[PDB]
């Protein structure tokens, strides 16, 4: 919990109307023990501290260049959206022999949102997602 | 950045959220995204917890989209921001970037304070991780491959004794080739490592520090995982091993016959395994 407290996790709001000026640690992998495919959505857990992200329901949700969808898994758990769109750098040479399937994020297939999708369970705002 | 700007300006409704991961040592691209989204958006944010800290100030940037006029307005905002990034300028402020630099230096110092803590304080920090409630929305602990090869401290040491007995008997029935025996002994070494991190509870911390040092070193010798004479005390038929092969040949077989080099990501995997071992994810 101490990695996301105040002297590490900050919320620096930017200056809006400023004029046009002219100017190897393997130890931290002890904390990354959940998730066998990806390990990079602890950074996205800081995004739930923002209230304005959680005040963005009832719409679409574009996701760009995930590759594992764990950020998409977490955020579509806690902030549901109707239709989910998904993008990834994916060359078509990556396929196995005699197989044909496009970009499939591994941990998002294991996510609770996707299992509510295949079982067609309504979300926590009470609708079936897509 | 032009592509990201066009996609966000076409796709996002008013009051929508645009979250972009970014470094900060790539300053040019940072100022360019500031140029492309700052006339478009009404809010700005920079946020970064301790996990992004590499030494290059990685962070998320969150814009909140206000109104956007039309394709004339889209072309004008994109062209004006390209003009401003051409003339060595940006909409970013001075006091804002200095407070940003102060927050990043504070984050780097605090990360160095957390990582360089004592090992009982490391245990106190690992037991209080937020991986329990939030991240387990289907998230699984990073279990090693022998964790799926078990059915059920000292009985773990008995299992290790039986395992090394079986592997040395395989070495005996080999010659009754050299790199292949090294391959079998490296796999034995790897499984001893995985069973060891299975055995790493939140109580025995000397083995925790020793396994962390073995991972950080780069190679693993079987002399470090268990001593020669300590294992032969814990063995079953040590006299047969001394008669057939002997302490010279078995001493050659422990350390230098199974010197297991790792990759980067294998070291990452085992550090994740040690962290889960401290968090109480293998002994229930």
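FYI, it's all coordinate maths here, none of it is from the lab. We place every Cβ from the backbone using ideal geometry, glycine too, and count neighbours over all the protein chains shown.
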Where the centre of each part is set by its Cα atoms, how far does the stretch A:56-130 sit from the stretch B:78-132, in angstrom?
-> 29 Å
Mean per-residue count of partner chain Cβ within 10 Å for B:267-275 equals 5
Cα-based Debye curve of the stretch B:2-123 sampled at q = 0.13, 0.18, 0.19, 0.23 Å⁻¹ gives log₁₀ I(q)/I(0) of -0.59, -0.96, -1.04, -1.36
Kindly identify chain A as rounded, prolate or oblate by the Cα gyration tensor criterion: order the square roots of the eigenvalues as a ≥ b ≥ c, call it rounded if a/c is under 1.5, otherwise compare a/b with b/c, prolate if a/b is larger, else oblate.
-> prolate
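What ranking do B:22-28, B:142-148 get when scored by the average of other Cβ atoms within 10 Å per residue, highest first?
Details: B:22-28: 13.3, B:142-148: 16.3.
The most tightly packed comes first, giving B:142-148, B:22-28.
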At q = 0.22, 0.28 Å⁻¹, what is the log10 ratio I(q)/I(0) for the stretch A:24-85, with the Debye formula run over Cα points and no solvent?
-> -0.96, -1.29
The stretch A:86-130: mean projected area of Cα convex hull, nm² = 4.2 nm²
For the stretch B:14-33 versus the stretch B:203-269, the gap between their alpha-carbon centres in whole angstrom = 48 Å
Based on the Kirkwood radius over alpha-carbon pairs, what value in µm²/s does the Stokes-Einstein equation return for the translational diffusion coefficient of the stretch B:163-284 at 25 °C and 0.890 mPa s?
-> 161 µm²/s
Between residue B:3 and residue A:121, Cβ-based FRET efficiency (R0 45 Å, step 0.05) works out to 0.80
Return the average number of partner chain Cβ atoms within 10 angstrom of each residue Cβ along peptide B:56-69.
-> 2
How are the Cα pair distances of the stretch B:63-180 distributed, in percent, across 10 Å bins from 0?
-> 8, 14, 19, 16, 17, 10, 10, 5, 0
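How big is D, in µm² s⁻¹, for chain B by Stokes-Einstein at 37 °C and 0.692 mPa s if Rh is the Kirkwood radius over C-alpha pairs?
Values: Rh = 23.5 Å.
Roughly 140 µm²/s, to the nearest whole number.
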Going by a ≥ b ≥ c, the root eigenvalues of the Cα gyration tensor, does the protein assembly as shown fall in the rounded group (a/c under 1.5), the prolate group (a/b larger than b/c) or the oblate group?
-> prolate
Looking at the square roots a ≥ b ≥ c of the eigenvalues of the Cα gyration tensor of the stretch B:242-284, which shape do they give, rounded for a/c under 1.5, prolate if a/b is larger than b/c, or oblate?
-> oblate
The stretch A:43-87, relative contact order [Cα under 8 Å, separation at least 6], % = 47 percent
In this structure, the FRET efficiency calculated for residue B:176 and residue B:251 from their beta-carbon separation, with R0 = 25 Å, to the nearest 0.05, is 0.80
Average beta-carbon neighbours from other chains, 10 Å sphere, peptide B:31-42 = 1
